[PDB]
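Structural features, examined
Take a look at the letters that make up each chain.
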Amino acid sequence: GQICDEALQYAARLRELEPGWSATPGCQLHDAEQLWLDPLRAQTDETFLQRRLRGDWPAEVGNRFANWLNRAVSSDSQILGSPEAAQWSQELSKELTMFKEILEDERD
Amino acid sequence: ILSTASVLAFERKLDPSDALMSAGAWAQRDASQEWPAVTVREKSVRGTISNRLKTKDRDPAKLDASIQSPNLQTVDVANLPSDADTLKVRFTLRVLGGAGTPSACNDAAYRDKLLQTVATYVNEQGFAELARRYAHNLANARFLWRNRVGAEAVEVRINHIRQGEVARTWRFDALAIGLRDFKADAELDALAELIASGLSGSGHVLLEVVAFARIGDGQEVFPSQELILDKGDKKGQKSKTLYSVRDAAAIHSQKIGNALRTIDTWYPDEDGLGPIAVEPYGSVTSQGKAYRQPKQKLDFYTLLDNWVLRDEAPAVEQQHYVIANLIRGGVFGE
Amino acid sequence: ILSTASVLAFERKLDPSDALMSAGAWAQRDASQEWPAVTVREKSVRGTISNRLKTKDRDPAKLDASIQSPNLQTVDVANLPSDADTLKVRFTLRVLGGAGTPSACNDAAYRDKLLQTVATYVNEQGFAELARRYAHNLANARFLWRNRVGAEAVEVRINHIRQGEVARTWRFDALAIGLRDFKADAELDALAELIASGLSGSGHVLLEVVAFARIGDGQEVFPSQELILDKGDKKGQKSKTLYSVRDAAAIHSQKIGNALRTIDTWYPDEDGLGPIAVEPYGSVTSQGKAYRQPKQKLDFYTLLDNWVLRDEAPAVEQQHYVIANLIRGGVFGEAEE
Amino acid sequence: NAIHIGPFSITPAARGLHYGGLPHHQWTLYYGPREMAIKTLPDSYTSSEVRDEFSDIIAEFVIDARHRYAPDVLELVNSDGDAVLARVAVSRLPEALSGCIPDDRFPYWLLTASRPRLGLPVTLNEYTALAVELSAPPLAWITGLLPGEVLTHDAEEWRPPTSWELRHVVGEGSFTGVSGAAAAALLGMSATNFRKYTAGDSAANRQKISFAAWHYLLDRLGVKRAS
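Residues numbered from 1 in each chain as written, not as in the entry; some residues may be left out. Chains lettered and ligands numbered in written order. Part of a larger assembly, values for the part shown. Heavy atoms only, no water. Residues with missing side-chain atoms left out of burial classes, pairs and counts.

Remarks on the overall build of chain C
In plain terms, the rule: A run of H or I in DSSP becomes a helix once it reaches four residues, and a run of E becomes a strand once it reaches two; helices and strands are each numbered from the N terminus. Contacts are assigned to residue pairs that have any heavy atoms within 4.5 Å of one another.
Along the backbone of chain C there are 7 helices and 15 strands. The C-alpha extent of chain C, read off along each of the three principal axes, is 70 × 55 × 35 Å. Within chain C, contacts between residues separated by at least 24 positions form 73% of all contacts whose residues are at least 6 apart in sequence.

Set out below in structure tokens:
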């Protein structure tokens, strides 16, 4: 949960420093990282960009965060043999669901 | 004392090339050298949601809101021309020999034991059963995977090319020879004898395989599908990319190789399904299931370990399966 | 009273370049100057589960679930065009000479003792056995490693190039000359005299070697394989990279150099396997084994220390091996691993 | 006024400077001839402060040398392949190894911990014999930092260690952490006769240690097994 909170705080830091939400070279994750780090409403991502620029895209950002958490916490094959592995997997799923709900509630 | 080597690698025999696609009219196939190649093109595809979502969702309003997004994609496609009904798929297959010798190995004693085990396999019988099954898979156009399904007439021309010119020709009806059982025919037995002479190291075999499939005017052919990145947008082949050699639709050579070694009719679960491709824990990706499951003692690794270490030579069908796996090649090690 | 020098370094002789690959049709081998290069492409690969498994695995649920989620890779591949059946491989080779003199050495007494030992080797016989074996390994196209296996016809054209134009030409049938035994032939022996003149310091030898291998239309050729560095990659990257020089598939120069010095037939294990590359503790990576293990006294360092320090000259084929290792070059001395 | 911490030496730069108004000197830390670090430390620093200014670099050197020259590890496993039953750090390999995947023809196997495993079938009595013969002492990694001609068993090729090589194992700053008095008591000598070995130059009453005393000292310090 602390890690999830840190990620939220990290996202808040991006929200502190997003004056011009312009894509650049090396921003190839801008469909999800540019969407989860989406700045205030620009003219390019206008009302016609309600699925491209103003798209509420919490599922792809949640999948990327779940992949990063699974890379940082790689479960063993017999790690779920006791209740600790199932509790850790359920806690990771609940943290991803809470982050997705907080992103969808904050997605416009 | 003797144990299996920790590294043990075999180069593949029966190397096929990438299979190129061209198009033409039927009965023009004897002048099918200037036939134009099948070009891969783009098109747009917009469709309503069709995949099974989480059912019993009591919100039809969000469902209708998702339906008003046409989720536009760009898709690679490859069709025949409107004035051509025949797809011509051409490749070459090289048969080398030396199918027992590894390319890399740790133990020399295990290497010599394996070499003499394959040597006793060759002395008991030649490669004639395996070359017969490979010649059957050459005879029917199994390497046309979805370009064979629903074809009116499939014809296979196989040229043995000894010098720079053609040394022999075989002509087959691929719909006469089934994809199910392994038959006998004198031209097919001669082709199997040539493949067996290549696999036995007594010659150098190069074959040119041409397949004509009468599909229809402007119908859709199926080349190999590439891998697509997701960092792009909904354009630029966002859903499907098709494999191509230079301005020509083509098939991956490993697809041709998979369809060539679909000879395994000895797996213990069933025999009414037909052959599968030779694999350790012989498994097909379509069914998501493993025949030659290692709880049963019929996978490639336990059979080779019992044959080489404990001298427990298996049944002759399983010996055919083990030598077919060694012709397939692989990385066998811890 | 005379010990080995603590540092000792020999620059290599027989420097090859990177071998460049082009493609064309056979019997256009004389007009093979505008042959287009073999390019390196990418393709997609889906893989089964065809490796050994642990006893923690092989439960049918786990094996079937692993077969459910497959592995997807991108692979670098190099092929001939579908209208060309001949691979052409071109490189150049410098035979330099001065093989006894180290490029760095600590002891002066060890230096002139080693220099006069190589001098007595050259006075007793020339480089003609070594140059004969090197000319053999040029004549059979052993620098085509996997591109020679299963080939219909291999032909080698060697132009000795003195000024900016051709001074001499050799034409060899590389499938006729074996990879097993070292024969005798007048053109091959004249090439050996040229290489021995280069190794002796009596001249400047520059050769251009071209190989034509009749493989087949559209078949796979095998360039050198690079080393891929990825730490935490995103599930479907490249798993195989191929060496290329300016969008032309190529073989590394040390690969050609390893195939050139495959002349060691005098290792004490056997001789029915064939020649190996000259190495200290002469070892092939494919067999994972070290012939001339130092527990026998036939590795490079005990042979050299007996020949130089204690004047125990070995057999003449062991002398051939030690001089071939000096032509190979290396870091010999107390930079020990 | 140089400072000697085992094989390391910290020397000042023989003329200071004035940094920030205060007088300073450049101190250089060497590991023999190899220059490891330079710092600019002020005057009115005691030698203890100069010592634990460089103690961190010395500790990183010790960690790197201990990880780099670690001895090999053999593993006793059962017939399935996983479930390591025992481990043993060996200084040599059992010489009958040849690349192996364990099967169930034998219940016990001895594999290398390196990944292309080599292995041998054993029966818990020859495993004990191999572990007795080939085991590594707890400070075997210091043998990585030694020239090897001072570590050989052949007396024709052996040469005695210099004072800098002797300070790797003997001294309060050495990697064994054993003083000269304790190392003299290990050899059955006096402290002065043993300090005769640790002078540095042949003029200042320094003799070289003998073959038997050097190899017995490496045995008793737990550096080389020396059977």
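Observations concerning the overall build of chain B
For chain B, the helix and strand inventory stands at 7 helices and 15 strands. Viewed in the frame of its principal axes, chain B has a C-alpha envelope of about 70 × 55 × 35 Å. If you take every contact in chain B between residues at least 6 apart in sequence, the share linking residues at least 24 apart comes to 73%.

A short note on the interface of chain C and chain B
To be explicit about the condition: Each residue gets one label: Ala, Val, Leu, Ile, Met, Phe, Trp, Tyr, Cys and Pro are nonpolar, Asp, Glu, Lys and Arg are charged, and the others, such as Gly, are polar.
Taken together, the contact pairs 39 residues of chain C with 50 residues of chain B. When contributions to the side of chain C that touches chain B are tallied by element, the ones reaching two or more residues are β4 (41-47), α1 (60-68) and β5 (71-77) of chain C. Looking at which element gives the most residues to the side of chain C that touches chain B, the answer is α1 of chain C, with 5 residues. Taken together, the residues of the side of chain C that touches chain B sort by class into 11 nonpolar, 16 polar and 12 charged.

Some words on the interface of chain D and chain B
Each partner contributes to the interface: chain D provides 13 residues, whereas chain B provides 12 residues. Among the residues making up the side of chain D that touches chain B, the classes are represented as 6 nonpolar, 2 polar and 5 charged.

A word on the domain arrangement of chain B
Interfaces are frequently sized by the accessible area removed from exposure as the parts join. All names here are of chain B. Convention followed: Domain borders in the structure are assigned automatically or taken from a domain database.
Domain assignment breaks chain B into domain 1 (1-11 + 99-126 + 263-334) and domain 2 (12-98 + 127-262). Summarising the inter-unit geometry, the C-alpha centres of domain 1 and domain 2 are found 28 Å apart. In this assembly, 27 residues from domain 1 lie in contact with 21 residues from domain 2. Counting only elements with at least two residues in the side of domain 1 that touches domain 2, the list comes to α2 (108-124) and α7 (316-328).

Quick word on the sheet that holds strand β1 (residues 8-10) of chain C
As a reminder, the rule being used: Paired strands, in this sense, are two strands between which DSSP finds at least two bridges.
Taken in spatial order, the 3 strands of this open sheet run β7-β1-β15 (chain C), and their pairing is antiparallel. This sheet does not close on itself; its edge strands, each paired only once, are β7 (104-105) and β15 (330-331) of chain C.

Quick word on the domain arrangement of chain C
Each assigned domain of chain C is listed here: domain 1 (1-11 + 99-126 + 263-337) and domain 2 (12-98 + 127-262). For the side of domain 1 of chain C that touches domain 2 of chain C, the elements supplying multiple residues, two or more each, are α2 (108-124) and α7 (316-328) of chain C.

Digging into the pairing of strand β10 (residues 205-214) of chain C
Residues and elements named next belong to chain C. Both strand β6 (residues 86-95) and β10 contribute to a ladder of 10 bridges, which runs antiparallel. Bridge pairing in β10 places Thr86 opposite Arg214. Pairing analysis gives 8 bridges linking strand β8 (residues 153-161) to β10, with the strands arranged antiparallel. Directly across from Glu155, in β10, lies its bridge partner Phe212.

A word on the packing of α2 of chain B against α7 of chain B
Residues and elements named next belong to chain B. This is how the line gets drawn: Note on method: axes are straight lines fitted to C-alpha atoms, helices fitted across the in-contact stretch only, with angles between N-to-C directions ranging 0 to 180 degrees. Roughly parallel refers to an angle under 35 degrees, roughly antiparallel to one over 145, roughly perpendicular to one between 65 and 115, and oblique to any angle outside these ranges. By the definition used in this description, the sense in which the near helix is turned from the far one sets the handedness, with an anticlockwise turn below a right angle giving left-handed and a clockwise turn giving right-handed.
Between α2 and α7, the shortest axis-to-axis distance is 12 Å and the interhelical angle comes to 120°. Considering the angle they form, α2 stands oblique to α7. Of the two possible hands of crossing, α2 and α7 adopt the one that is left-handed. Contacts from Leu114, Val118, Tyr121 and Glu124 in α2 reach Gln319, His320, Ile323 and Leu326 in α7. Partitioned by chemical class, the residues of the contact of α2 with α7 number 5 nonpolar, 2 polar and 1 charged.

Notes on unusual backbone geometry
One non-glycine residue with positive phi stands out, namely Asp311 of chain B, at about 60°. With respect to the helices, strands and loops of the structure, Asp311 of chain B is situated in the loop between α6 (300-308) and α7. Of note in the backbone geometry, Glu95 of chain D takes a positive phi value of approximately 70° without being a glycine. When you line up the elements, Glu95 of chain D lands in the loop between β7 (84-90) and β8 (108-112).

Here's the deal with the arrangement of the chains
Contacts are most numerous between chains B and C, taken over all 5 pairs of chains that touch. What separates chain A from chain D at the closest point of their C-alpha atoms is a distance of 13 Å, and the two make no contact.

With respect to the environment of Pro70 of chain C
All names here are of chain C. Within the secondary structure, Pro70 sits in the loop between α1 and β5. It is 40 Å that separates the C-alpha atoms of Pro70 and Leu273, two residues lying 203 residues apart in sequence. Among all residues touching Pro70, those that are not within four sequence positions of it are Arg46 and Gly47.

Some details on α2 of chain B
As a reminder, the rule being used: Each helix should span, by expectation, one fewer than its residue count multiplied by 1.5 Å. Identification of polar contacts relies on pairs of N or O atoms within 3.5 Å, with a donor-acceptor requirement for protein atoms, meaning one able to donate a hydrogen and the other able to accept it, and with residues adjacent in sequence counted only if both atoms are side-chain atoms.
Given a rise of 1.5 Å per residue, 17 residues ought to cover 24 Å, and the 24 Å separating the end C-alpha atoms of α2 of chain B matches this to within 8%. One side-chain oxygen at the N-terminal end of α2 of chain B lies 2.8 Å from the backbone nitrogen of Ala109 of chain B; it belongs to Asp107 of chain B.

Concerning the sheet that holds β4 of chain C
Residues and elements named next belong to chain C. In spatial order, the strands read β4-β5-β11; together these 3 strands make up an open sheet with mixed pairing. Looking along the sheet, the strands with just one partner apiece sit at the ends: β4 and β11 (238-240). Each strand axis lies, on average, 40° off the axis of its neighbour in the sheet, ignoring direction. Both β4 and β5 contribute to a ladder of 7 bridges, which runs antiparallel. Each residue of the ladder has a partner; that of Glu42, found in β5, is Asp76.

Observations regarding the packing of aromatic side chains
Note the following rule: Only the six-membered ring of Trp is used, alongside the rings of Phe and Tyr, when aromatic pairs are assigned; centres must lie within 6.5 Å, and planes under 30 degrees apart are stacked while those over 60 apart are edge-to-face, with the rest tilted. Should the NZ of a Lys or the CZ of an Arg lie within 6 Å of a ring centre and within 35 degrees of the ring normal, that charge is described as sitting over the ring.
Look at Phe10 of chain B and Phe332 of chain B: their rings are 5.8 Å apart centre to centre, the planes differ by 45°, and that puts the pair in the tilted class. In this pair, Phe10 of chain B is assigned in strand β1 (residues 8-10) and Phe332 of chain B in the segment after β15 (330-331), connecting sequence segments 322 residues apart. Within the aromatic cluster, the residues linked to one another by ring pairs are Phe8, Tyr31, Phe61, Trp141, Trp164 and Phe175 of chain D. Over the ring of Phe182 of chain B we find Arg133 of chain B, and its NZ or CZ is 4.4 Å from the ring centre. Above the ring of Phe54 of chain D, the side-chain terminus of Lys39 of chain D is found at 5.7 Å from the ring centroid.

Notes on the pattern of salt bridges
As a reminder of what qualifies: Salt bridge, as applied in this entry: a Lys or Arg side-chain nitrogen positioned within 4 Å of an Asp or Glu carboxyl oxygen.
Between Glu220 of chain C and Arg12 of chain B there is a salt bridge whose closest N-O contact spans 2.9 Å. Placement of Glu220 of chain C in the loop between β10 and β11 and of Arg12 of chain B in the loop between β1 and β2 (15-16) is noted, with the two residues assigned to different chains. One salt bridge in this structure joins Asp76 of chain C and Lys238 of chain C, with 2.4 Å as the shortest N-O distance. You can see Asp76 of chain C sitting in strand β5 and its partner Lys238 of chain C sitting in strand β11, a full 162 residues away along the chain.

Examining the side chain of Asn147 of chain C
All names here are of chain C. Locating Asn147 in the fold gives a position in the loop between α3 (128-139) and β8. Here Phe222 takes part through its backbone nitrogen, which lies 2.7 Å from a polar atom of the side chain of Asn147. Aside from chain neighbours lying at most four places away, what touches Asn147 is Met21, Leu87, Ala213, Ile215, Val221, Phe222 and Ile251.

Quick word on the environment of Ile58 of chain D
Residue and element names in this part refer to chain D. If you trace the backbone, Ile58 turns up in helix α1 (residues 47-68). Separated by 44 residues in sequence, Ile58 and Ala14 place their C-alpha atoms 23 Å apart. Setting aside its immediate chain neighbours within four residues, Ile58 contacts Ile5, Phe8 and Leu29.

Describing the environment of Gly274 of chain B
Following the sequence through the fold, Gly274 of chain B ends up in the loop between α5 (253-260) and β13 (283-284). Separated by 154 residues in the primary sequence, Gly274 of chain B and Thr120 of chain B have C-alpha atoms spaced 29 Å apart.

Thoughts on the packing of helix α6 (residues 300-308) of chain C against α7 of chain C
All names here are of chain C. At a closest axis distance of 10 Å, the pairing of α6 and α7 adopts a crossing angle of 105°. Put simply, α6 runs roughly perpendicular to α7. Here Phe300, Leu303, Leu304 and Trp307 of α6 come into contact with α7, specifically with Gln318, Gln319, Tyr321, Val322, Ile323, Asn325 and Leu326. Split by residue class, the contact of α6 with α7 holds 8 nonpolar, 3 polar and no charged.

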